[PDB]
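1. kindly return the folded structure for what I paste below:
(chains A, B, C and D)
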Protein chains: 2
Amino acid sequence: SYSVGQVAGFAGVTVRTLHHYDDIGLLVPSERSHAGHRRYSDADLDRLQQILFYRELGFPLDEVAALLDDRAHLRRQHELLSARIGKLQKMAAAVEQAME
Amino acid sequence: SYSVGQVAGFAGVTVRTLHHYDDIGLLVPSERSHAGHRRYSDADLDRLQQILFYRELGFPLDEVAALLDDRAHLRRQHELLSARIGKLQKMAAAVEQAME
DNA sequence: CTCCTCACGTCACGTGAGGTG
DNA sequence: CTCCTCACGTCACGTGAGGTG
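-> Residues are numbered from 1 along each chain as shown, chains lettered A, B, ... in the order given. I have put the structure below:
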């Protein structure tokens, strides 16, 4: 089980992000301490990677919730990255013609 | 000279975006009609492409203003796209190992 | 030092509210 | 039908405000 600081450090997100996702009901710690400090599990870490993945490809957090709550995500994750790589490649292609 | 509708259609941005960038002082029409309707020039269209470019690579609009107001942007624009293509390629690489 | 909960601020707009030729 | 200016709403948080072991 991991603290907000730990997970902030592992995922590379601010603690506030980890509070927000909790308040939203997108990512909710398994339990909290006798004091009330959050405890994230490995399940929660796996989950956070997925969240952060879809986030980086611009999915709004309502949709990210939906996507994640409907086993081969990997298929669509590959397709999205390929779409996006190709898009930038076309942009970068446009840059190279400008440089000529 | 072009209306907000026209430019909205050319750039593929909402009219509200074109109002916001005006209010911010990021993109300000050359003049307005006897009625007060905005008039964007070709200079303004060129400019909007740059804005929208840096926007897509996640630059906040204050920084986008700064970048654009300091002739070979193309150098840095290529470097950014290459960084980003490589990043996704690494992500997509991680996907392919997951699929094994 | 990191943990907390309120709670108001922010950035990039969205979305009507009511009025113009 | 698109143009307008206020002006309040929104999403994804940021950033103190004051209190805990």
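
2. quickly find the element holding the residue of chain A found nearest DNA strand C.
-> Nearest residue of chain A to DNA strand C, counting by Cβ to the nearest atom of the strand: residue A:5, 2.6 Å away. Bear in mind the C-beta positions are built from the backbone N, C-alpha and C, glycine included. Assigning secondary structure by DSSP states H and E places residue A:5 in helix A:4-11.

3. the helix or strand containing residue A:91 - contacts with which helices or strands?
-> Per DSSP H and E: residue A:91 is located in helix A:73-99. Contact here means 3 or more Cβ pairs under 8 Å, 6 or more residues apart in numbering or on different chains; DSSP states H and E; on that basis helix A:73-99 packs against helix B:73-99.

4. what about 10 Å?
-> helix A:42-56, helix B:42-56, helix B:73-99 (3 or more Cβ pairs under 10 Å, 6 or more residues apart in numbering or on different chains; DSSP states H and E).

5. so what's the gap between that helix and the chain middle?
-> 20 Å (Cα atoms, centre = their mean, to the nearest Å).

6. list the buried residues in it.
-> Residues of helix A:73-99 classed as buried by neighbour count (16 or more other Cβ atoms under 10 Å in any protein chain shown): A:77-78, A:80-81, A:84-85, A:88, A:91-92, A:94-95.

7. can you add distance to DNA strand C and give the helices and strands packed on helix A:73-99 back as TSV?
-> Below are these laid out as TSV (distance: least, Cβ to the nearest atom of the strand, whole Å):
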stretch	distance to DNA strand C
helix A:42-56	13
helix B:42-56	6
helix B:73-99	17
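
8. got the contact list for residue A:53?
-> A:59, A:64, A:68, A:73, A:77, A:80-81, B:91, B:94-95 (Cβ atoms under 10 Å, 6 or more residues apart in numbering or on different chains).
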